[PDB]
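Architecture and fold: a report
Residues per chain are reported as follows:
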Amino acid sequence: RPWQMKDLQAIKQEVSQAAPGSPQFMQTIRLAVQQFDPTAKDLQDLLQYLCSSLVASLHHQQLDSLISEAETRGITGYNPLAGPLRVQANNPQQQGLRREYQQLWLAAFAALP
């Protein structure tokens, strides 16, 4: 049950005025992420739709650092012999990795301003 075009259109329109990482944007994006239960691929699509290449790159770097610390510590469900967290989160049998990816994503995007 992935999102459709209308959901993305509404998500972008409702937060057109606000700035990335504002409390309003964080509310709406967090609700979307917690409601649709998407993988990393869909999150990348959503970010490309919402913010430009500059904000995309900044979030990419911040999320790289956050994932770096998180999975360098060692995580309950992460096994580094199978692939990067971006790929484990895309397997529907690793929901723990998917939820960790979602939370790192939202925190990284909130850490912009």
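A brief look at the structure comes next.

1. Quick word on the overall build of the chain
A count of helices and strands for the chain gives 6 helices and 0 strands. In terms of C-alpha radius of gyration, the chain reaches 14 Å, essentially the compact-globule figure of 13 Å for 113 residues. Principal axes of the C-alpha set define a box for the chain whose edges measure 45 × 30 × 20 Å.

2. Concerning helix α4 (residues 53-73)
Helical periodicity: at 3.6 residues per turn, an α-helix aligns residues three or four positions apart in one direction. With 21 residues, α4 extends 30 Å between its outermost C-alpha atoms, agreeing within 8% with the 30 Å of an ideal straight helix rising 1.5 Å per residue. Of the residues flanking the end of α4, it is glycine 74, one or two places downstream, whose phi is positive at about 110°.

3. A word on unusual backbone geometry
Even without being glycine, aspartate 37 reaches a positive phi, approximately 60°. Tracing the backbone through its elements, the reader meets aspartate 37 in the loop between α2 (23-36) and α3 (40-50).

Analysis parameters
- Residues numbered from 1 in each chain as written, not as in the entry; some residues may be left out.
- Part of a larger assembly, values for the part shown.
- Heavy atoms only, no water.
- Residues with missing side-chain atoms left out of burial classes, pairs and counts.
- Helix = DSSP H or I, 4+ residues; strand = E, 2+ residues; numbered from the N terminus.
- Rg over C-alpha atoms; globule rule 2.2 N^0.38 Å.
- Expected span 1.5 Å × (residues − 1).

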